[PDB]
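Read through the structure below, which is laid out as structure tokens, and then see the notes.
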Amino acid sequence: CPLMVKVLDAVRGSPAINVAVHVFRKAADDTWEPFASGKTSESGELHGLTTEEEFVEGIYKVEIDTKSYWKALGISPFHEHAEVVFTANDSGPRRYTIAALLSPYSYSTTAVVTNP
Amino acid sequence: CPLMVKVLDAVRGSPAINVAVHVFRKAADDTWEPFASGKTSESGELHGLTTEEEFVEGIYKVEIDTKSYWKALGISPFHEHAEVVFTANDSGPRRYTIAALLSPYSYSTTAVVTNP
Amino acid sequence: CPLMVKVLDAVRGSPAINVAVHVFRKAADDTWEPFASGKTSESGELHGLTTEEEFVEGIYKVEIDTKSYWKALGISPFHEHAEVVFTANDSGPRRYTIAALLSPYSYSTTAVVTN
Amino acid sequence: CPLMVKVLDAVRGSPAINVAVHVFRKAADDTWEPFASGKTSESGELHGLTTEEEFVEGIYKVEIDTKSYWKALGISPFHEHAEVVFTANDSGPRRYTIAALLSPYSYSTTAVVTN
Ligand SMILES: CCS(=O)(=O)Nc1ccc(/C=C/c2cc(C)c(O)c(C)c2)cc1
Ligand SMILES: CCS(=O)(=O)Nc1ccc(/C=C/c2cc(C)c(O)c(C)c2)cc1
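Protein chains in written order, with the entry's author numbering: chain A, 10 to 125; chain A', 10 to 125; chain B, 10 to 124; chain B', 10 to 124. A prime marks a further copy of an entry chain.
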């Protein structure tokens, strides 16, 4: 459980369910390598992306597929995705929750980082 | 558990702990009557404010004491509090989570409303 | 002009036009007394609320009538209004912009305080 | 000018001054090609990025160098950068303002698209 993603919908006042999320990690040659992916649950949460063994230090990009979410609801949104790019585990393993709050022309994101 | 408040700190990347929260309900004479109060836990959550019997229809104000929070951390913030004012339980009982994300000169708030 | 209010709409990607805004000043008995008010322009702005002479230190509340805004657009909203409560302090910079970004079940607000 | 970027600082309550901003356009092979760049002004704004003739429909990415911004202020930041990815569409309004509100572990962004 070192990486969890939580997504909320600011139009509905609800969890954002069935949101696709893709995680990438920067490789030594500066390309973005696929790392993990999944879908938010009925609570708007996505657990089980990685393990503490797999989730090594690096630069990670969490791409939340907001356009796909809004289009499935019949809405034409502004953004293609919401991206969150950060260095992880640089002073040892941490647990990361990446949260996003979505509207059709806006989003907010925050991180909660805890030390187990 | 029909009303829960969750507070996050956007400077630290952490739950906002020990945040005082006061809830008021508009009375028939248009004054704000004290309704419930409490403090966020180490997870940034405040549970147990009210009961489904007590939490009747009305207009409620959730005042999150952000200035007091920032001052206890040695920071001089802009706002006195963050306030969230809404009509509750007008089409029957609902469960409400009021969330706030705090910075010294800014805040965001959202509501998650679910039907049990 | 020491106080400006800016309102944006996160659903339509636009300024929030013709939004009623009321400013109150906290009185000695802790009641809120009306101070200034108006409606946002086509750019989502409300200028001319007060003057340097009038805008003394104290606690002010800016109430933005978001419920009426959303209903006039045909959208069901959560909040009754958004309110921003702050202290004006002469030791800090002299122009205050209160900005708000509105969604039906959420809002964001920030202060930009400059000289 | 069809594209403007506005950056605000939620810790200091100010414009985010001298922030590097890079705009990229998605190429046919899905790579990001540099399109425009600059540094925000004293008002937190970056004007003059492109012209109507240059700013054709397509997918664009605006990368805001928030990590450098925070470090120059002595504050420890979470993100490497903030990036805003969107499609320019000629069927919608013609001026795009991309606004971002920065905190060390969070950011908010909105689009204001007007004629
Ligand atoms: C208790 C720790 S947890 O990880 O399990 N809970 C938790 C984590 C993240 C958030 C983010 C909330 C939130 C709320 C609003 C209004 C926002 O604009 C944004 C950007 C975020 C909330 C709770
Ligand atoms: C009037 C058009 S303009 O472009 O010249 N002015 C303008 C443009 C964008 C903004 C964005 C504001 C803002 C405020 C808050 C609190 C936010 O969270 C975010 C994400 C954005 C404000 C004013």
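For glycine and all other residues, C-beta sits at the position ideal for the given N, C-alpha and C.
Within the region 107-124 of chain A, 110, 117, 119, 120, 121 and 122 place their CB atoms closer than 7 Å to a CB of chain A', listed in sequence order.
At a cut-off of 7 Å between C-beta atoms, residue 83 of chain B does not count as an interface residue with respect to chain A. Counting only the Cα atoms, residue 52 of chain A lies some 13 Å from residue 124 of chain A'.
Under the 8 Å Cβ criterion, the region 42-59 of chain B does not count as touching the region 12-29 of chain A', having fewer than three qualifying pairs. Burial is judged here by how many other beta carbons sit within 10 angstroms of a residue's own beta carbon; residue 91 of chain A' has at least 16 and is buried. Beta-carbon to beta-carbon, residue 89 of chain A and residue 73 of chain B' are separated by about 16 Å, too far to satisfy the 8 Å threshold.
Annotation for residue 78 of chain B': the continuous alpha helix (DSSP H) segment containing it runs 75-81. Contact fails between the region 91-101 of chain B' and the region 103-111 of chain A', because fewer than three Cβ pairs, one in each stretch, are under 8 Å apart. Residue 110 of chain A sits buried, since 16 or more C-beta atoms from the chains shown fall within 10 Å of its C-beta. Taking a contact as a CB-CB distance under 8 Å, the pair residue 121 of chain B and residue 23 of chain B' counts as one, their CB atoms being some 6 Å apart.
Under the Cβ distance rule, residue 22 of chain A' counts among the residues neighbouring chain A, one pair being separated by less than 7 Å. Taking a C-beta distance under 7 Å as the contact criterion, residue 28 of chain B and residue 78 of chain B qualify as a contact pair. Nearest CB-CB separation between residue 17 of chain A' and chain A: below the 7 Å threshold.
By the 16-neighbour rule on beta-carbons within 10 angstroms, residue 65 of chain B' is exposed. Taking non-hydrogen atoms of ligand 2 into account, the C-beta of residue 17 of chain B is found less than 6 Å away from one of them.
With contacts defined by Cβ atoms closer than 7 Å, residue 119 of chain A' and residue 117 of chain B do not form a contacting pair.
It is roughly 33 Å from the alpha-carbon of residue 48 of chain B to the alpha-carbon of residue 71 of chain B'. Rounded to the nearest angstrom, the Cβ distance from residue 59 of chain B to residue 12 of chain B is 5 Å, consistent with a contact under 8 Å. Look at residue 96 of chain A' here: in three-state DSSP terms it is strand. Interface flag for residue 33 of chain A against chain B' is unset, since no Cβ pair is found closer than 7 Å. Residue 47 of chain B' carries a strand assignment under DSSP once its states are collapsed to helix, strand and coil.
A direct Cα-Cα distance of roughly 29 Å separates residue 83 of chain A from residue 57 of chain A.
With a cut-off of 6 Å, the C-beta of residue 52 of chain A' is classified as near ligand 1, since at least one heavy atom of the ligand falls inside that distance. According to DSSP, residue pairing for residue 56 of chain B in a beta bridge does not occur.
At least one heavy atom of ligand 1 is found less than 6 Å from the C-beta of residue 117 of chain A.
At least 7 Å separates the beta-carbon of residue 55 of chain A from that of residue 94 of chain A. 7 Å or more divides the Cβ of residue 112 of chain B' from the Cβ of residue 85 of chain A'. DSSP links residue 28 of chain A through a beta bridge to no other residue. Residues 42, 44, 67 and 69 of the same chain have their beta carbon placed closer than 6 Å to that of residue 34 of chain A', with the five preceding and five following residues left out of the count. Approximately 7 Å separates the beta-carbon atoms of residue 50 of chain A and residue 26 of chain A; this is inside 8 Å, confirming the contact. In chain order, 11 place their CB closer than 6 Å to the CB of residue 61 of chain B, counting only its own chain and leaving out the 5 sequence neighbours on each side.
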